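Structure first, then comments.
Where a number appears in this text, it was derived from the coordinates with a stated rule and is not lab data. Cβ: placed from backbone, ideal geometry, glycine included. Neighbour counts: every protein chain shown.
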Amino acid sequence: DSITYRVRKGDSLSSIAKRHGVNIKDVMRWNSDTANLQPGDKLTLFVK
């Protein structure tokens, strides 16, 4: 399945991964433009 998390202010990419025990690096592995990490944007957490 694909995880979708909305990055809110105070939310960090790596910190968000911790919420699902995932590897945000893998997130940066499938995504090449993480510039969409804005306060209110969703993010792919294919990370396991």
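Quickly run through the range 4-24 and pick out the residues that are in a helix (DSSP H, G or I), under 9 Å from the mean Cα position of the chain (by Cα) and of a type outside the set (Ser, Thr, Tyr).
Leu13, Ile16, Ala17, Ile24
Looking at the range 19-36, which of its residues are of a type in the set (D, E, K, R) and over 14 Å from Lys48 (Cβ atoms)?
Within the range 19-36, just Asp33 meets the criteria.
Looking only at the range 39-48, which residues are surrounded by 12 or more Cβ atoms within 10 Å (Cβ to Cβ) and either among the aliphatic types (A, V, I, L, M) or out of contact with any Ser or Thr (no Cβ under 9 Å at 6 or more places or on another chain) (or both)?
Within the range 39-48, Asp41, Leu43, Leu45, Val47 meet the criteria.
On the basis of being acidic (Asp, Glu) and either part of a helix (DSSP H, G or I) or surrounded by 11 or more Cβ atoms within 10 Å (Cβ to Cβ) (or both), does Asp1 make the cut?
no
Determine which single condition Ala35 fails, assuming it passes every other condition in (1) at negative phi; (2) in contact (Cβ under 8 Å) with a residue 24 or more places away in the chain.
That leaves (2) as the condition not met.
Taking the range 29-38 on its own, how many of its residues are surrounded by 14 or more Cβ atoms within 10 Å (Cβ to Cβ) and of a type outside the set (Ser, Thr, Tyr)?
Total meeting the criteria: 2.
Are there any pairs with C-beta distances below 6 angstrom linking a residue in the range 1-13 that is over 13 Å from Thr34 (Cα atoms) to a residue that is among the charged types (D, E, K, R) and surrounded by 14 or more Cβ atoms within 10 Å (Cβ to Cβ), with the two at least 6 apart or on different chains, and if so which?
Listed by first residue and then by second, the contacts come to nothing, as the list is empty.
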